[PDB]
Amino acid sequence: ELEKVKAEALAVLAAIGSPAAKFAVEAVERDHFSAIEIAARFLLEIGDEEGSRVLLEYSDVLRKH
Amino acid sequence: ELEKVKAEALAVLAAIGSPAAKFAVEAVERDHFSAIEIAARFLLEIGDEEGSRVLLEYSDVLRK
Amino acid sequence: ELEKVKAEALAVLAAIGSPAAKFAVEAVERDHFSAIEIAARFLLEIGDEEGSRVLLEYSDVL
Amino acid sequence: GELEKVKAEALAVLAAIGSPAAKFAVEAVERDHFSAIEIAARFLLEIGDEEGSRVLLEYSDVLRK
Amino acid sequence: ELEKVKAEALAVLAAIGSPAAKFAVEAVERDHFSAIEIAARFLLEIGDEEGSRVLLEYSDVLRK
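As given, the protein sequences belong to chains A, B, C, D and E, one line each in that order. Be aware that the first sequence starts at 1, since it is given in this note's numbering, and climbs by one per residue. Be aware that the second sequence starts at 66, since it is given in this note's numbering, and climbs by one per residue. Be aware that the third sequence starts at 130, since it is given in this note's numbering, and climbs by one per residue. Be aware that the fourth sequence starts at 192, since it is given in this note's numbering, and climbs by one per residue. Be aware that the fifth sequence starts at 257, since it is given in this note's numbering, and climbs by one per residue.
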């Protein structure tokens, strides 16, 4: 279940190529709650709606089972 | 309780229409406490008090 | 103490009149720790030192 | 002891700054508010006061220990 | 494992020499989770991506 949304998140973030997305990818790869929160807030504070949206989706999936 | 205040909260957020509000709506519809907190803090620090107020109201209704 | 410091906080925030203080006011009325913290941090980052201070007092007493 | 000494040292460094952020910092130190200490430390770091943020880090690390 | 990643993290952060890095190094040597988090978030909004990434690595090792 997780292995699909993780791939979706890493692909979407790597596509962006922004230095904020590059951090985001790492925050996804290690499943770091604090790093994921920081990356989401930064992508929101920089203008990346796609990155923030996919981070929210992957975090909502991760929070459960 | 949450299902009642949520409707007006999402209506206000869609009314805002800012790309930050669009995140906010997503944060509200998925019931993500941390995402709601981040969206509220960002909407407050950009000048949208209208969004922050309804996020605070809906979050307090979710808490209690 | 709580019944006094809450009133002092609402009084100071109503005095400030900024749109951030109102949120702060609401943050006090609903007793939301995270909202109080956010309001204090914002009032500190905008220059309202007294509002952030009284929010800190009301949070520590609570 | 360690905390009773470092509290005084921290307040001494912070009072010299006189900044409204230090004025918050002292209150964050005297009232022992972990969250306020974090906010004050990040703000002094984000404005350029390395001494205040550093001494707040020391006092937080000894207080947290 | 942790004592291994600490050296690389401290070296990378010391190389930056920025006042944020001086904080970052201090955050690592004292093993302060909150300080590491603040330093990483600040280094992201200041332009040091390598510092934020290595802080994330050391913190992920630090959690366990």
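By construction, the Cβ of each residue, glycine as well, lies at the ideal position given by its N, Cα and C atoms.
Pull out every residue of the stretch 32–43 of chain A whose Cβ sits closer than 7 Å to any Cβ of chain B, in chain order.
Residues passing the 7 Å Cβ filter: 37, 40 and 41.
Can you tell which of 178(C), 179(C) and 160(C) has the C-alpha that lies nearest to the C-alpha of residue 131(C)?
Of the candidates 178(C), 179(C) and 160(C), 160(C) places its Cα closest to the Cα of residue 131(C).
Could you work out which residue in 191(C), 179(C) and 136(C) is closest to residue 149(C) when comparing CA atoms only?
Among 191(C), 179(C) and 136(C), the Cα nearest to that of residue 149(C) is on 179(C).
Quick one: which chain B residues come within Cβ less than 8 Å of residue 26(A)?
Chain-order list of chain B residues neighbouring residue 26(A): empty, with the shortest C-beta distance near 19 Å, by a criterion of under 8 Å.
Nearest-angstrom beta carbon gap, residue 78(B) and residue 93(B) [assumed within contact, 8 Å]:
Contact holds; Cβ gap of about 7 Å.
At 8 Å on the CB atoms, spell out the chain E contacts of residue 244(D), in chain order.
Those are 279, listed as they occur along chain E.
For the candidate residues 203(D), 218(D) and 249(D), whose alpha-carbon lies nearest to that of residue 115(C)?
With chain C covering 130 to 191 only, the question about residue 115(C) has no answer from this structure.
For residue 191(C), count neighbouring Cβ atoms within 10 angstroms of its own Cβ and tell me buried if that reaches 16, exposed if not.
Looking at its Cβ environment, which holds fewer than 16 other Cβ atoms inside 10 Å, residue 191(C) is exposed.
Do the CB positions of residue 168(C) and residue 153(C) come within less than 7 Å of each other?
Contact: yes.
On the three-state DSSP scale, how would you describe residue 95(B)?
Coil at residue 95(B), not helix or strand.
Taking 6 Å as the cut-off, is the beta-carbon of residue 250(D) closer than that to any non-hydrogen atom of the ligand ADP?
With respect to small molecules bound, the structure shown includes none, and the ligand ADP cannot be examined in it.
Label residue 42(A) either buried or exposed according to how many other C-beta atoms from any shown protein chain fall within 10 Å of its C-beta, with 16 as the threshold for buried.
The residue in question, residue 42(A), is buried, as its Cβ has 16 or more Cβ neighbours within 10 Å.
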